[PDB]
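Protein chains in written order, with PDB author numbering: chain K, 661 to 692; chain N, 412 to 479, 488 to 526, 545 to 579; chain P, 258 to 360, 533 to 580; chain O, 221 to 376.
Reviewing the structure listed below.
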Amino acid sequence: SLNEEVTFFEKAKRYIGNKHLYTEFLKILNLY
Amino acid sequence: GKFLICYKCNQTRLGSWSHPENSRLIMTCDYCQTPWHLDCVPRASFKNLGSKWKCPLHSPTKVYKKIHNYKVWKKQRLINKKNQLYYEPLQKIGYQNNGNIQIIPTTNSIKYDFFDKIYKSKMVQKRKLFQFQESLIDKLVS
Amino acid sequence: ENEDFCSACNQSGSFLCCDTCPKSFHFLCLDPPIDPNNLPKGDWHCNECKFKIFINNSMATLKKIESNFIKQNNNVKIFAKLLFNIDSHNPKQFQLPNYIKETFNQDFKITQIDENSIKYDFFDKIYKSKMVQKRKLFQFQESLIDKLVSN
Amino acid sequence: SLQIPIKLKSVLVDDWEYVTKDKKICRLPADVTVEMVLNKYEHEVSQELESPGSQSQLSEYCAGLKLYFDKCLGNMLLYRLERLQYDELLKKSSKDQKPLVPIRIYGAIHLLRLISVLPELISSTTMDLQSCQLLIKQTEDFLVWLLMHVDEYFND
Ligand SMILES: [Zn+2]
Ligand SMILES: [Zn+2]
Ligand SMILES: [Zn+2]
Ligand SMILES: [Zn+2]
C-alpha cells in the first residue's frame with residue numbers, strides 16, 4: 661500500500677517516456 | 412528512419428499493401444511531435460490547414476472551473500528574454516503560483550524524505566479516523 | 258578611519274580600526290572573540306570588507322554564488338536567503354525591537542518550480558480535499574442522526 | 221507582523237533586566253537546549269498536522285531554525301557578559317576536537333530572542349510575500365505551542 665504510493669510518480673515518469681510529456685504532465689498536476 | 416509509435420496504442424499500424432485496410436492513419440502533434448493514431452484520439456480529419464493540431468497530452472492555456488458562476492484562467496503569453504523574469508520560489512510547498520510555472524531539473546536523501554513524510558501523515562490520518570468514530574458510538578448510548 | 262564609539266556594542270573601549278569602513282569593534286564584539294595581543298597579522302578586513310572583496314563589487318557574480326548557495330541547502334530553503342545576509346552582517350549587540358520594548534515586468538513572473546514540490550503540493554491538496562469531504566460527510570451523518578433522535 | 225501575547229513580552233523583559241541590570245547570565249549547558257524544544261514540538265505538531273505537505277514545511281522550518289540559530293547566535297543573539305561565555309565555549313570545544321555547535325548549547329530562551337528579532341530582520345532584504353506569510357504563520361503556531369507550556373522552559 662505504502663510502496664505503490666511512494667513509487668507512483670517515477671513509475672508514471674517511466675511510463676510517460678519523453679521528458680516533454682512528463683513536463684506537461686507535471687504542469688497538469690500543478691494546475692490541479 | 413524509425414517507426415512513429417502512436418502514444419495510446421503503443422503500436423504503429425503500417426499495413427502491408429496487400430491488406431491496406433489493416434493500416435491505421437497516424438498524425439503527429441504540431442507542438443511536441445507526439446505521434447497519434449486517428450482512432451486513438453477520435454478524429455476524422457488530418458488537420459491540414461487552419462490552426463495547429465494539439466495532442467491531448469499538452470496542458471491547457473485556458474480552462475473554465477465551476478464556482479459551486489465560474490472562474491476562468493488563462494496562461495500568460497510568452498515574453499521576450501529582455502522583459503521576461505524567471506524567478507525561483509523560496510517556499511517549496513504550497514506556493515500559490517498563478518498556474519504559470521517552469522519545471523527545473525531535480526538534483545538519495547530526498548527519496549527517503551518522501552517515504553517517511555507519507556508514513557507520518559497517513560499515521561496521523563488513521564488517528565484522526567480513530568478519534569471521531571469513538572465519539573459516534575458514544576453518542577448513540579445517550 | 259576610526260569611530261569614537263563601538264558600532265556593535267555601543268560603548269567606548271579598545272577598538273580595531275578597519276581600513277575602508279570607519280566603524281571599529283571591541284576585541285569581543287566580533288563573530289569570533291579576537292584574542293587581544295594575538296590578532297592575526299594583516300590588513301584587518303572586517304566581515305563587510307571581506308564580503309566586498311569576495312564579490313569584487315559586481316552584482317552578477319554575487320547573485321550567481323547566492324543562487325549556488327541556495328542550491329546547496331534545500332533542506333533549510335525558506336531560511337536560505339536569511340543565511341546569506343548573515344555573511345554580510347557585522348555582529349552587534351542585541352538591541353531590542355521597538356514593539357518588544359513596549360510592555533511592470535514583475536507581474537508576469539514565471540514561477541520556477543521543481544518536480545518534487547509539484548509532487549508534495551498534489552499529495553497535500555488531494556489529502557486535504559479527500560478528508561474535508563470525508564469529515565463533512567461524517568458531520569452531516571452525525572447531524573442527521575441527532576435530527577432523527579430528536580424527532 | 222508579529223503580535224505576541226503579554227507573557228512572552230514579560231519573560232523577555234525580565235530576561236532583559238537580569239542581563240542588563242544584573243550580572244547574572246544563563247547556565248553553561250543552558251539546561252534544556254533548543255534541541256529538545258524543536259524536537260518535541262515536531263513530535264506533537266506533526267502528529268497534529270494532517271497533510272504530508274504540511275509536515276514537510278514543519279520539518280523544513282525546524283531544520284532551518286536550528287541552522288539559523290547556529291549560524292546567527294554569534295551575530296545577533298548575544299548580550300554583555302555572554303561574549304566571554306561564548307569565547308570560553310569555543311576554547312572548550314577545540315580541546316576535545318569536536319566542532320562547536322550553538323543549538324545543543326544555548327537555552328530555548330535565546331531561541332525566543334531569535335524569534336523576537338525575526339520580524340525586523342526578515343524585512344531588511346528582498347523577500348517574498350507568500351514566503352513571508354508562511355514564515356510568520358510557522359512563527360505564530362510555534363509561539364502558541366510554546367504558550368501551551370511556557371512554564372516548562374521559562375520558570376526561574
Ligand atoms: Zn494508436
Ligand atoms: Zn503533442
Ligand atoms: Zn564593542
Ligand atoms: Zn571593514
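Each residue gets a CB set at the ideal place from its N, CA and C atoms; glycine is no exception.
P/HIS346 has its CB no nearer than 8 Å to any heavy atom of ligand 3. Residue pairing from DSSP leaves P/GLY270 without any beta-bridge partner.
In this structure, N/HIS479 has its CB at a distance of at least 8 Å from all heavy atoms of ligand 2. Short note on N/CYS451: C-beta not closer than 8 Å to any heavy atom of ligand 2. At least one beta carbon of chain N lies nearer than 9 Å to the beta carbon of P/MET560.
P/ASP575: member of the alpha helix (DSSP H) spanning 544-579, first to last residue.
When Cβ pairs closer than 8 Å are counted between the two stretches, the stretch 261-281 of chain P is seen to touch the stretch 337-349 of chain P, the count reaching three or more. The beta carbon of N/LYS458 lies closer than 6 Å to those of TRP464 in the same chain, with the five residues before and after it left out.
Proximity of chain N to O/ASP348 at the Cβ level (cut-off 8 Å) is accounted for by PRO508, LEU509, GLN510, in chain order. For N/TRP428, the secondary structure class from DSSP, reduced to helix, strand or coil, is coil.
Distance from the C-beta of N/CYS417 to the nearest heavy atom of ligand 1 is below 8 Å. Taking a C-beta cut-off of 8 Å against chain P, the contacting residues of the stretch 291-310 of chain O are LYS291, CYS292, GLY294, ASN295, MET296, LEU297, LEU298, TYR299, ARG300, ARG303, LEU304, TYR306, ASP307, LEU310, listed in chain order. Distance check between N/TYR475 and each of N/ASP450, N/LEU468, N/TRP492 places N/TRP492 closest, using alpha-carbon atoms only. A distance below 6 Å between beta-carbons, with the five flanking residues on each side excluded, links O/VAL231 to the following residues of its chain, in chain order: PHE374. Distance from the C-beta of P/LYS280 to the nearest heavy atom of ligand 4 is below 8 Å. Exclusion of the five residues before and after K/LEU691 leaves no residue of its chain whose Cβ lies closer than 6 Å to its Cβ. N/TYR514 sits in coil when the DSSP states are folded into three classes, being neither helix nor strand. Residues of chain K with a Cβ closer than 7 Å to the Cβ of N/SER429 do not exist, since the nearest Cβ in that chain sits about 32 Å away. With contacts defined as CB atoms closer than 9 Å, O/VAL239 and O/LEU331 fail to qualify as a contacting pair. At a Cβ-Cβ threshold of 9 Å, O/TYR306 and O/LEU298 count as neighbours. For O/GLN350 against N/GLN444, the beta-carbon gap comes to about 37 Å, at or over 8 Å, which does not count as contact. Per DSSP, O/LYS227 has no beta bridge partner at all. Around P/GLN350, the beta-carbon contacts reaching into chain O at under 9 Å are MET296, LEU298, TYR299, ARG300.
A Cβ-Cβ contact shorter than 9 Å links O/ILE323 with O/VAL254. With fewer than 16 other Cβ atoms inside 10 Å of its own Cβ, P/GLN562 counts as exposed.
The straight-line gap separating the alpha-carbon atoms of O/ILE329 and N/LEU509 is approximately 28 Å. Counting only the Cα atoms, O/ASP361 lies some 30 Å from P/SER345. The Cβ atoms of O/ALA250 and O/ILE356 lie no closer than 9 Å to each other. Considering only beta carbons, no part of the stretch 301-325 of chain P lies closer than 7 Å to chain N. At least one heavy atom of ligand 4 lies less than 8 Å from the C-beta of P/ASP276. CA-CA distance, O/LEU248 to O/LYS318, rounds to 17 Å. K/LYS687 belongs to the set of residues whose beta carbon lies under 9 Å from a beta carbon in chain N. Chain order gives no chain K residues near P/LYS338, where near means a beta carbon separation below 8 Å; the closest approach is about 23 Å. Residue state for N/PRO446 is assigned as strand, using DSSP reduced to three classes.
With a threshold of 16 other beta carbon atoms within 10 Å, P/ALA317 falls short and is exposed. Of all residues, those with a beta-carbon under 5 Å from at least one heavy atom of ligand 3 are P/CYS263, P/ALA265, P/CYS266, P/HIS283, P/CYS286, reported in chain order.
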